[PDB]
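Taking the form deposited in one PDB entry, here's one chain by itself in structure tokens.
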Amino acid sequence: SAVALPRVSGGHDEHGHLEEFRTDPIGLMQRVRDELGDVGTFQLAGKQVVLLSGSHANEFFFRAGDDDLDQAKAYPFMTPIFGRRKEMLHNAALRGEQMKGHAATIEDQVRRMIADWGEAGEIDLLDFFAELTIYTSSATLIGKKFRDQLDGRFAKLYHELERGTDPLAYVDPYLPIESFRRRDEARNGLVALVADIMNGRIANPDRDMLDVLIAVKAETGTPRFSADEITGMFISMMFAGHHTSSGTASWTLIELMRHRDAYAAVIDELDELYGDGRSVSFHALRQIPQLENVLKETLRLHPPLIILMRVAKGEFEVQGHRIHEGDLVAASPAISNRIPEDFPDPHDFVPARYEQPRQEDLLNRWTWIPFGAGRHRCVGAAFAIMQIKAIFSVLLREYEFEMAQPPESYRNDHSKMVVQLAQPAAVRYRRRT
């Protein structure tokens, strides 16, 4: 007896539109908007997703209180990965007064990663940036000491965790599928790496977070936290900022290479700015215009999170369409960031959009959403931007990059809820001079 909301075409497979969502989620979300407008739905297994788009619908979505649109249970694929607390996990390291030190830490991690590059060579962006950001994340959020005890193994296993986010999780996150199996196995591997580090510290003692948790005794003198508990906490702290920063660093370089005029502009800028003799820790926290605009455009075109989920906790009305409790409600940066009315020539790379005269990011407060908006806006935004500035201030002044494959061959893999750059993503480098 209730009015059914508009539903997008297709979705006749076993789990509705889920199968298409696993193969081409952006095409699906775009068809929802093309056929229905600002409010439309698609079937995700046994759930109905009310996909909102456009300034009006997005405003409702982002300004909604935690009591109206709940985020907590919107991402089922995360529970098996982790194994209020949101503030704790990040807040601490994101304090402005700590940014300078983090920038210096990031610079050091980058230099360490490129220490063996030599005069010239070739890298794969996913392998490089995924590993690099594991080191930047662990160093800044857990401690340099802890990072120094990590190698490529931790990175490989963390990546397996991320790949264990198939949309099938919306059916059941524990289904006996290979990606879920590899996910659980990788988490056990991570717990083992942590246990090994804990043991090593026992035998032979700049203290970090692990030293703190390790010293915490219960009452009988027995350690309070197990390797599993600690690893779960560490995984939690590093997740929000890993795939996002990794992917964004990859696309920033790709777009720079695809657009040599912007690349040249950034180079000139970097050389001039650093001509003042100040460190990356100083400049990564201050204006670097051209690079910043290249980053903003890269994020508009390649938002690491293409869909944002919520669970309706009540009935609401958006444009005459009624949302019911239990309804999954979503917004899409992938789609919204390319609305033609809001962003002239939305498929074109135009950093100038963000220059003082245009400022399309600030003008479209509800549709330029790579970092989300409203109360749930990305709390790591300032940090992520600082990181890009620090990373490229190093890379672009030390090396020159060129695509080793067709410009159009670089693409993302959208088969999992966590988007990852697809491979190969081969790039050649050569020392600058």
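The first residue of the shown sequence is 1; numbering continues from there.
We do not show the form deposited with a small molecule bound, though everything after this point is about it.
- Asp184 falls outside the set of residues with a heavy atom inside 4.5 Å of the small molecule in the bound PDB entry.
- Contact annotation: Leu295 falls within 4.5 Å of the small molecule in the bound PDB entry, judged by heavy atom distances.
- Looking at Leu305, you'd find a heavy atom of it within 4.5 angstroms of the small molecule in the bound PDB entry.
- Interface residue remark: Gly40 is not counted as part of the site for the small molecule in the bound PDB entry, having no heavy atom within 4.5 Å.
- Put simply, of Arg353, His321, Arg147, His243 only one has a heavy atom within 4.5 Å of the small molecule in the bound PDB entry, and it is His243.
- The contact residue chosen from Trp366, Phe371, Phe60, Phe392 relative to the small molecule in the bound PDB entry is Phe371, the criterion being a non-hydrogen atom within 4.5 angstroms.
- When contacts are defined as a non-hydrogen atom within 4.5 Å, all of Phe77, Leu213 and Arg377 contact the small molecule in the bound PDB entry.
- Checking 271-279, 258-266, 165-173, 105-113 against the small molecule in the bound PDB entry, the stretch whose residues place heavy atoms within 4.5 Å of it is 165-173.
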